[PDB]
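Engineer: Going down the list, the sequences are from chains B and A. Numbering of the first sequence is given in the authors' numbering, commencing with residue -2 and proceeding in unit increments. Numbering of the second sequence is given in the authors' numbering, commencing with residue -2 and proceeding in unit increments. Built from N, CA and C at the ideal position, the CB exists for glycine as well. Handing you a structure now.
Number of protein chains: 2
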Amino acid sequence: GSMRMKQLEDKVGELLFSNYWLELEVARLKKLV
Amino acid sequence: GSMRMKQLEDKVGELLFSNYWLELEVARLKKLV
């Protein structure tokens, strides 16, 4: 129905992915400092 | 307006801000190790 909505849905998924990996990186760094 | 579109936009905005916050935190921590 809505290609606009698909694009935003996709971006939510991409950002959830990126944020997961950034959180993991922060946690690894907290174990290192 | 569209509740679905605005909810998507809102979630993208929140995730983008968190992403940026996390990148700043990674950079802060990387300076130390």
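#1: Give me the Cβ distance between A/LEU19 and B/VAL23, rounded to the nearest whole Å; I'm assuming they're in contact under 8 Å.
#2: Answer yes or no: do A/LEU26 and B/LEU26 have a C-beta to C-beta separation smaller than 8 Å?
#3: Name the residues in the region 9 to 21 of chain A whose C-beta lies less than 8 Å from a C-beta of chain B; which are they?
#4: Rounding to the nearest angstrom, what Cα-Cα distance links A/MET0 and B/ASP7 in this structure?
#5: Quick one: which chain B residues come within Cβ less than 9 Å of A/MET2?
#6: For A/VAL30, does the three-state DSSP call read helix, strand or coil?
Structural biologist: On the basis of the supplied data:
#1: Locating residue 19 of chain A in the second sequence gives position 22, counting from the first residue. Locating residue 23 of chain B in the first sequence gives position 26, counting from the first residue. Indeed, because the Cβ distance is near 6 Å, the residues count as touching under 8 Å.
#2: Position 29 of the second sequence, counting from 1, holds the residue named residue 26 of chain A. Position 29 of the first sequence, counting from 1, holds the residue named residue 26 of chain B. Yes, these two residues count as a Cβ contact at 8 Å.
#3: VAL9, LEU12, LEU13, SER15, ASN16, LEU19, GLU20
#4: Stepping through the second sequence from its first residue, residue 0 of chain A is reached at position 3. Stepping through the first sequence from its first residue, residue 7 of chain B is reached at position 10. C-alpha separation (whole angstroms): 17 Å.
#5: Here residue 2 of chain A is taken as the residue at index 5 of the second sequence, counted from 1. Those are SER(-1), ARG1, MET2, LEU5, listed as they occur along chain B.
#6: Looking up residue 30 of chain A in the second sequence gives position 33. Note: A/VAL30 maps to coil in three-state DSSP.
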